[PDB]
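Letters A, B, C, D and E mark the chains as written, and numbering starts fresh at 1 in each.
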Amino acid sequence: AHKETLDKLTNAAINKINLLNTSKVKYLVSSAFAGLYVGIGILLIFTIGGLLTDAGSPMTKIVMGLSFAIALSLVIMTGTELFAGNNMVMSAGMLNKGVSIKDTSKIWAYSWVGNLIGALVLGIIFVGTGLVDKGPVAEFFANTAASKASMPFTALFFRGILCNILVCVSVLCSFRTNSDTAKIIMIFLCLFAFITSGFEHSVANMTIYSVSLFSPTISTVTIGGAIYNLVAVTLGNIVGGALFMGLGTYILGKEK
Amino acid sequence: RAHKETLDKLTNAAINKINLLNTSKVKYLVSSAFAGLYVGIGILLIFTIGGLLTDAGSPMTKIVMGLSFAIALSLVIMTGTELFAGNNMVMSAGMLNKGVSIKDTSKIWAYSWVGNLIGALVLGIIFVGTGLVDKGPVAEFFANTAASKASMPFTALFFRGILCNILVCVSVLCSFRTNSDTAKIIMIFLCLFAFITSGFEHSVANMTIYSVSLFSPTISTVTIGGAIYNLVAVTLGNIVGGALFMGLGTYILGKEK
Amino acid sequence: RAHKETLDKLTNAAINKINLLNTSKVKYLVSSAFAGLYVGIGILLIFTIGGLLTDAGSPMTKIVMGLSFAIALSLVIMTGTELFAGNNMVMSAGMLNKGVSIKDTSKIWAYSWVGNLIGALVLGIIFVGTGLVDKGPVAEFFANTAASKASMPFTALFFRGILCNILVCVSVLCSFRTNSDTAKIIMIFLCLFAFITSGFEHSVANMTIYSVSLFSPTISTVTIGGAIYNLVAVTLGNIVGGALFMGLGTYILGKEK
Amino acid sequence: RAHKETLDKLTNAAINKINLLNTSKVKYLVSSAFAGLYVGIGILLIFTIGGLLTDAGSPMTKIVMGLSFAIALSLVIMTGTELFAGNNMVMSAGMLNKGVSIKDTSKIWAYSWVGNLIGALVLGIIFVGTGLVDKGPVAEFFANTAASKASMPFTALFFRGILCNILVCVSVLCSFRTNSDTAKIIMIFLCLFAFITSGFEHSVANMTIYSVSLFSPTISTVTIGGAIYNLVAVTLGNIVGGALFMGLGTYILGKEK
Amino acid sequence: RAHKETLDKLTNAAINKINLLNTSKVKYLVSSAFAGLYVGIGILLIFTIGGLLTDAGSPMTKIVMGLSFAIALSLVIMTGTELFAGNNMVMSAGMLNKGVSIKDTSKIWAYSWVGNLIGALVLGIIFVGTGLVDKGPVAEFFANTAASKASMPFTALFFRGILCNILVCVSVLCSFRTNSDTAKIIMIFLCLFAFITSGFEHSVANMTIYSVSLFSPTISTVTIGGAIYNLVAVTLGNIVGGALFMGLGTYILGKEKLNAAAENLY
């Protein structure tokens, strides 16, 4: 089914750019939504992170895994626009010559900034709830924000590669099935696997950092680091969805 | 992406709704009353689970609660009954697309919300009549939880309503975007898991929290004053979630212009 | 929204039943006793779980129990056999809709009910002969639970029976409003989780509880008379719940007036 | 209800089974061989969990074993292979509705049972070629379990075998009454969960418990004798559930008279 | 029923493998590099869970691992890429029904096994580049386990390998026997749960166990003295399991003896 699958991606990447050109507003709103949806997955699993860490549980990371599925299922079911997702779609619509290389940069920049707006809004709204005034949920937000930015560039970059491989292969699957339940199941597996192994997702991290920098619970982060993390993780995401995933699928599916 | 397809579904749903309310009150109110009591049933369950695990000081309590809430919207979706929270996105998207009046939207909203409250009252009543809240760790969960919800700063509540109806309305958005009933239940299952466990606030459900709390004699931690104070703030937040985010957001994605 | 196409089905099934009964008392009763026995299986499984987990002092006891009862209405639905409680609403409507009579409806409720009971008795006899209720925490869980059911005030039982059959019948309502069998089961499993774990009462599962409790000679807490007290209060609650509520409501939603 | 259609379905499945033994003994035995081994896989996994959770004092042992047994009957349905248990309902229903003869049924039963036994033997052998039962609590679990089943009183095993094949068969009955492969797998998971955990007896499953426990050089307290004793009692038990309840029951429900 | 209607599918499908391999030695190898990596993704995940619960000393350890391995074959099937252990059945059953040939089998078998190999390796370096195996119970879990699997008698690894593949292949068999994708994944999860938790030996997944072990800083307790050895036993095993049993067995069930234009069963 590889050729049809290429034609599905190719065709998908043409609709992205087609969309951006007609309405920046629709395009950025679609992306804001996706950034939010992913964030909501963070709200949930950090809440859980906070709960079980306080407890002493060896199960904390496993359950955060299980619980993350809502992040990409929401994106997939809503047909909203996600950065990492597009790393592969465009990276292979481009090799198929459905879209220009610079069609592919406009999409990446807009979807990523669009996602970031979804994050900041979510974070702002999440802080108004007081759910991170203080407490273990708010210390989890704060401690995770810190470790992620205080980790070397190479470590982050490679975790970024394995994250999008997985996020992207999850999107890939949505093109290769017509069951919506298989889509959701596969998203849940790939998200379980990436969160639990310890891989880094740029757009998720926008909500981690967006929340941490809006909560007057004094952390130890600083923008330099968040931006540092987001640069490090984002390229890897690109490498993981564009290179591996994006290129491999063009390869498998192209009538040469 | 079917954004416009989607918006047209939302637009027909707002229409049929106001036709239904206009065409025949008592049906609209029975539809709503069922919704209101289906939601409440997920309170009965998750608070039984609340009282059970909290007595044990289990760290899983809220997680398991979040997990056990799916029934509330699953039932509403699969019976095709009228919930207030979902009406915030449907009517709002529908008003912008000129399918419905603003006061169509107004009526629908006030009705479901009141209809729901009626199903929550009955439920609260009948549930007290079971003696399951006569005393012990479960009564205590209803009393501590109705108290803390009603003593919370308006701002915190308001914002908690927004994040909730974003979750509820999008789980309902999903149901418009798929023809798999299992997919609907799964998505709903995920949304309610996120919003219960994350700590977001849902007016129609709080109805049953205060219904149970005000009808029960062994529950005297809250008053008929907080309940209203909670429903007002939480509901308002809910409306913002549904109309201002989902409702206007879906209208933006789908509108030919 | 399709509450008319749904009141058609409820009427159509309320009809296809009494036609079955008028045409074969034996075919009807074989189906009844099957569902009584299908329901009883979940009682066996969950009381096993009951006995294992109580004996250990898990706070999870009632929860794992709820989670594990889905088989009861699952077998019923998937084998399209006759179950009392599911009929409180299916006869409720059909008649109110003028498709079957007050006559064809007391008929269904004694047959389905007694047939069901036959299934319970036969499961009891066999399960006892497994020796699985000879000595220990499973036979203890049957003893302990059977008494508490029989020493509880009529009123509490009544109300716990209303809620049980709103959930039970709404799971049946769901099986009618969808074509996905997987979704039917998810929905059954949700409603079964919420009624068992909440503490609501089910007439037909209880037939098995007392069936097992009595036929077992290592169990001496019960007597018939107390099992009768329980069954009459619970059967009446079920009826109200499925009949006044789901019966009356769904006719009201689907009736073109 | 589509009982008539369900009973024609079984009748034609019973026809296809015998026409297939007759056509080719080897293909039938191979199919039966596969089912005994697909069932064995289950036992290997749930006995691994058996050993693990047991050596660890956990009250969830038997609950997890039941939850974990689904693969056994799932692989059988999904592979379309020939399982003794199932043939009890199908052959009988099929002979009752005058589609196959008593000799057809006895030959199917005898053949599929020996076919099943062969699969059990190979698996057991190959499993001992793992060293996973050389020593440690997984071996010890095949050891004490194999012995308690061989030493149980005949009546108890007999009745345990009835309840077991009612569950196995009603779960084959469901795969006949749905077109959804996911819903077949859920109903199988539910039924196996119920039969494993409540303590019911399954012949073909025991073949592997004895296939493993014998060939395993790490020893115990077993004897072919005891294994044979278990098998006989449990087979009779299974046959009664399968043919006398399920075969006969479904026959009475779908027969056009 | 429907075993011949099945057998045509493994048949019509053994072909298509050889075909596209004949047509694109690179289109085919990337398609195998992937599979091996999808499988390795299963290992990083469940191995992270081993470290976690093995360092906590939990009894649930091997159970939860088995319940978590599903992602491995689920991605192969859903992506429709090339995996060695699966090929065994399909290629085997392929000859028997006379659609594809012995040398093809062992070639696809040879180019399946090798596509899978890379993926473990690439994935191997990358995961170690995460520094997620520099220090700790996961780094550890990965080493020990890499030890035993090769510090284990040949006879264990062989039979632990045929069983793996009965299970791995029977899941592939089910994905041939349903048009339900959700049904596919579920049966893949049942089989992978059973096979991981019982403790059966999977070739491709060990390609990645061993990559991460060599490739690591904090080492070893290994030497390729293990690998090759371990892999060589399990594979052989894997083949038999899929080839001997599943391949020939499905042929037998499938073969309409109006051929018969050759041999007679009963």
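Everything that follows uses one rule, which is that a residue touches a chain if its C-beta (ideal position, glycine included) is under 8 Å from a C-beta of that chain, and two chains touch if they have at least 3 such contacts.
Chain by chain, the UniProt names read as follows: A, B, C, D, E = Formate/nitrite transporter.
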| item | value |
| --- | --- |
| Interchain centroid distance [CA atoms averaged], chain B/chain E, Å | 47 |
| Distance between chain centroids, defined by C-alpha means - chain A, chain E (Å) | 29 |
| Residues within chain C bordering two or more other chains | 180, 182 |
| Topology of the chain contact graph, where touching chains are joined (line, ring, star, complete, other) | ring |
| Ring topology as an ordered chain list, initiated at chain C and continued via chain D | C, D, E, A, B |
| Chain E partner contacts - residues on chain D that touch it in the complex | 16, 20, 24-27, 30-31, 34, 37-38, 41-42, 44-45, 48-49, 52-53, 55-56, 58, 64, 68, 70-71, 74-75, 78-80, 126-127, 129-132, 180-182, 185 |
| Contact footprint of chain C on chain D as seen in their complex | 1-3, 59, 62-63, 66, 153, 155-156, 158-160, 162-163, 166-167, 170, 173-174, 177-180, 182-183, 186-187, 190-191, 193-194, 197-200, 249, 252-253, 257 |
